[PDB]
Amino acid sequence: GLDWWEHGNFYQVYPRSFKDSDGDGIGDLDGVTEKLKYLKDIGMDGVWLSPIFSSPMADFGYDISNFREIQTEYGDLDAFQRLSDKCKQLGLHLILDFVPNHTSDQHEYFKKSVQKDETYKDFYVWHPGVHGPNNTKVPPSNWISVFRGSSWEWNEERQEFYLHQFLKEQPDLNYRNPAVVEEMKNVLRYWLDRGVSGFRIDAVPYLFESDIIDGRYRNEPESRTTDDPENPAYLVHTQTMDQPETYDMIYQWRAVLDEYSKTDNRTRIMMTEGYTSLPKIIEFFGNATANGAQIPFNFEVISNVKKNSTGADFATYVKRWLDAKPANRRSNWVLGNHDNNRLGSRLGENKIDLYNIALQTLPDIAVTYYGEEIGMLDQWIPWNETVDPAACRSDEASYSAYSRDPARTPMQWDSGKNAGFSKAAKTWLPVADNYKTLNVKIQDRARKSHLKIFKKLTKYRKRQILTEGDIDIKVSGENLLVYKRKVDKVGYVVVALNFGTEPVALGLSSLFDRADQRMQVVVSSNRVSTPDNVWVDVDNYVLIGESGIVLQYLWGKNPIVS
């Protein structure tokens, strides 16, 4: 008897790009609500929305000026309630994006902090630095912002530097201040009171920095993986990431969630965005005395799998996650989000179905970034139309290395105007040029298509074998990854993923003891010609390049487990 989330399908909506409902070219809450039934029909359980709160959009919602307010163009609190009520009818859990690390520099708390307001003077991390030789100002430490340059920003009015781990428009909250601690968990209660099933928590590794010692902040040592001192990777982040107090606060936040779970037998869940080392990701699950996040994102895989990764490479990172995961915790698999190039563009357009197969058939929790289920691809956007500050802080020659906008374009619903995302003359980001032939409606009608493969996976994974089965991973050569998932007296599933360009015979008898000369085809990559439901020889079947196949053998019935 699993809790709702343990084998859950989670879908990330980027609200600005999901569905426009009021003709301004901007996705909004009412637009999401129109589309929640679609999300249920493709097998989703939990819907996570990126920042919908009041924010000047310097970082497109991650710079929040009021954590208790819906941003105007997205809607109002009624629009939120209708979204929440619709989720409840459909049996979907709503997950909101919680951004504790920083506020907008337009937040009232920050404006008052700059003025040394007695209540807000210490809401942020301020330090004067030191005046140096030749009347120069030395910042309080050598720390580098994730968006490049110093993470200390001088404020003339206050005559101090404030800490910004992200943009200078995003001042870091001082979680050593108890007033800040209390205020931010009341933000969680505010939304828990309004019905949400949990939160995805932004930038968890960066919450606490180390404290002052003898009036100074400690510098960080050079990493020697780059010579560029404006690049955050220039330093080893011994002082600005992975601090022990960070984990303490995650656990405090989970306790607030647990207060609400006791109320009504509906587990509030926590997801955490942590681009950090695998052991420091794992620590977010919890420790001996305290639970943390049920879903600290498996960014071990996403950060290390590349376009030229082999099947062996993919297996290495999958196995590394599994070897490090504590037995009492659930895995999750994620290969896309709003900060990465779209999966097909990033990892190889031919592998869209291979990777959707992996994401959906590996154990426990599967994550989908909006559009991955139809195989959306990045859209190149001109410098003049790009809005992502990570691009605009670069230059016309080279903003495409940095820009996240190509992965944030409007969802492609149909072949009509703006791919059916909006009736407006212009959309906030351009619709991808491929939209007439890549959209939900066209894939819905096709015999085989990414969406039909996707839908087959999200349904099939909810049966007993893929819900309850173990996992046994084997690699043949450099590029044939195969894994078996078995439930005794029920059956077993074999996933075979061919990352290489050459076709290959599965040769399963030389990989598992397990016989059954023949297995039944459940689903396969778009280019595989083998019809569904036929039987194939597990030794001689040839899997074409860059393709995957899901194979089944039943001893008993394999029911949907609800």
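Numbering starts at 1 and runs along the sequence shown.
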The stretch whose C-alpha atoms carry the larger average B-factor in the entry, 193 to 201 or 398 to 406, is 398 to 406
For 453 to 461 versus 381 to 389, entry-based mean Cα B-factors point to 381 to 389
The residue of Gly149, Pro221, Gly91, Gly336 with the maximal C-alpha B-factor according to the PDB record is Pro221
In this crystal structure's PDB entry, the residue among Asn332, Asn356, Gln239, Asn265 with the greatest CA B factor is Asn265
Entry-reported C-alpha B-factor of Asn66 relative to its chain, by third, is middle
Binned into thirds over the chain's modelled residues, the C-alpha B-factor of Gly46 lands in the lowest
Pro363: C-alpha B-factor third of its chain, per the entry, is the middle
Split the chain's modelled residues into thirds by Cα B-factor; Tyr553 lands in the highest
Chain-relative C-alpha B factor for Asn287 (record values, thirds): the highest
